[PDB]
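Student: Dumping the structure here so I can ask a few things about it.
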Ligand SMILES: O=C(NC1CC1)c1ccc(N2CCN(S(=O)(=O)c3ccc(OC(F)(F)F)cc3)[C@@H](C(=O)NCc3ccc(OC(F)(F)F)cc3)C2)nn1
Ligand SMILES: O=C(O)/C=C/c1ccc(NC(=O)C2(NC(=O)c3ccc4c(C5CCCCC5)c5n(c4c3)CC(=O)Nc3ccccc3-5)CCCC2)cc1
């Protein structure tokens, strides 16, 4: 089946990515899919369904779903926006009830979807060329609330039950490294790899989507929720008509929509199922998987250099057979630092006590360039804040991002003002003064005392700074001492940031003891819609 069918009415809009590049993206994402399912696929699927049986999901109220709407979610064509929804206005609510009643009445009529080009910031790099704008398909604000009513409890309960430890989103960055490192140590002869699927969303066949539904149907579901899942599957999930920003009929989808509630959850389940089955086809001994949507890391017992090269080809053959071919073929790695997943890679450093600590790190180029864009054109989303949270132990986040933004915030007297940030699915509102507490909860106390980084990691940061015209780490060290000083003078929460966050900047280091606030770390108390 053709992933996409196009009419000719072009993708109209509302370095960066424009709608002018969309034509190239369309070509990459449009293709025929050929699925050849085998007995392993069926066996894994029965195992998964059995684990889903145990889940019981609650149907959310019309009002309950409104308070989970992100404040920046696109407005409805029916005259009401995200604000109107979370304020529980009669226009929003009465219209949402009609959408809900329509899902329970209509079982065939496809739900209309909007095709858009994602405006992302990438780096102006003269190996490879400019990437074309990613495509984003989504239903109306109204349908998006009903999706949450019928499936919010499912998606935020089910994957963890079906996949257990293989489910990526359950982990904090510290917990993810803990998992990866333990699984690598657990093997007597470790050999891992990361499998990148070319255009994941486009490889998701109508059967794949119906297979996910078959899994959601294994929970205890309210009759209404059960019907709504059935209707949302056939009217939205399995495909539908596309409509550009203007209002013209753009084309027809027969794959995954990125702007749906099930996207993340479903992708994880689909990728897990395919990979898990392909592990049996390739006869990969003592397997460990870590699935983060379309992202997949496999750790196992090596069976020899030649044998592993062969087993990896068998894995790929099997994945391709399940309509999930690779971008570039996976190579077996015998060092965990070389395996790249969720754009990041495990690195090592030493804390105060001299103990070797593992941490996740990525190439600073994109985070830095994105932050430099944020600095210029004003945005409601702060990639830098996310990056400071997610990559807190890294040399780059600590020395550049933290130094830069804290000096900016100190100067604007905005340290006490909350900021909206998106970490993968979830949207949070965090005050920078609260960061130490969060960083400790997500990474550990070692996050503030790290030193003795890998020479290569140090050079990756160094060379990257030169390339972007960013002042050297020596400049940053100096700048940090001034921020640290100005923070400690302020006292209270401001002084905690100075003490913990900026300890690396001083010659005369302080004894960093566990934070009095992070002792009773709640989390999800910063949570403002998702997931
Ligand atoms: O799509 C989702 N669900 C659909 C399928 C059903 C979904 C999406 C996100 C999500 N979460 C909760 C767990 N965490 S979390 O880290 O505990 C955290 C908690 C609070 C916080 O904000 C604060 F603290 F400020 F409140 C900030 C972080 C975040 C995360 O994305 N984790 C994965 C991950 C972890 C490490 C990685 O590695 C590297 F670091 F390299 F990226 C890469 C991915 C956010 N949960 N579910
Ligand atoms: O050799 C020595 O001993 C010292 C050398 C030295 C060299 C250059 C400076 N530069 C500066 O002071 C100024 N810019 C900066 O001090 C600066 C700060 C952050 C910058 C960033 C990012 C850093 C991460 C958060 C967002 C801002 C970028 N660029 C930056 C420049 C360079 C830039 O202009 N743009 C980009 C573009 C892409 C990526 C990064 C950048 C301030 C006004 C005049 C220029 C300072 C010291």
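Chain A is numbered as in Swiss-Prot; shown residues: 2420-2433, 2457-2568, 2570-2974, in order.
Header lists the method as X-ray crystallography, 3.2 Å.
Including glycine, each Cβ sits where the backbone N, Cα and C put it.
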Student: Which of 2639, 2651, 2663, 2863 does Swiss-Prot put in the same Mg(2+) 2 site as 2737, 2738?
Tutor: 2639
Student: Within the chain of residue 2738 (Mg(2+) 2 binding site), which residues six or more apart in sequence place their C-beta under 8 angstroms from its C-beta?
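Tutor: The list for residue 2738 (Mg(2+) 2 binding site) reads 2611, 2637, 2714, 2784, 2785, given in order along the sequence.
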Student: Let me make sure I understand the structure: which of the binding-site residues listed (2639, 2737) has the fewest other Cβ atoms within 10 A of its Cβ?
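Tutor: Among the binding-site residues 2639, 2737, the lowest count of other Cβ atoms within 10 Å belongs to 2639.
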Student: Setting 2639, 2737, 2738 aside, what same-chain residues sit with their Cβ within 8 Å of the center of the Cβ atoms that define the Mg(2+) 2 site, listed in sequence order?
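Tutor: Not counting the recorded site residues, we get 2637, 2638, 2640, 2643, 2714, 2735, 2736, 2739, 2784.
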Student: Around residue 2461 (phosphoserine), how many other C-beta atoms are within 10 angstroms of its C-beta?
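Tutor: There are 18 such Cβ atoms around residue 2461 (phosphoserine).
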Student: With 23 residues not built between them, what is the whole-number Cα-Cα distance in Å for residue 2433 and residue 2457?
Tutor: 19
Student: I'd like the per-state residue tally for the domain 'RdRp catalytic' (2633-2751) from DSSP, helix first, then strand, then coil.
Tutor: 54 helix, 28 strand, 37 coil
Student: Looking only at C-alpha atoms, tell me how far residue 2737 (Mg(2+) 2 binding site) is from residue 2461 (phosphoserine), rounded to the nearest Å.
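Tutor: The Cα atom of residue 2737 (Mg(2+) 2 binding site) is 25 Å away from the Cα atom of residue 2461 (phosphoserine).
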Student: Please report the Cα separation of residue 2639 (Mg(2+) 2 binding site) and residue 2461 (phosphoserine) in Å, rounded to an integer.
Tutor: 25
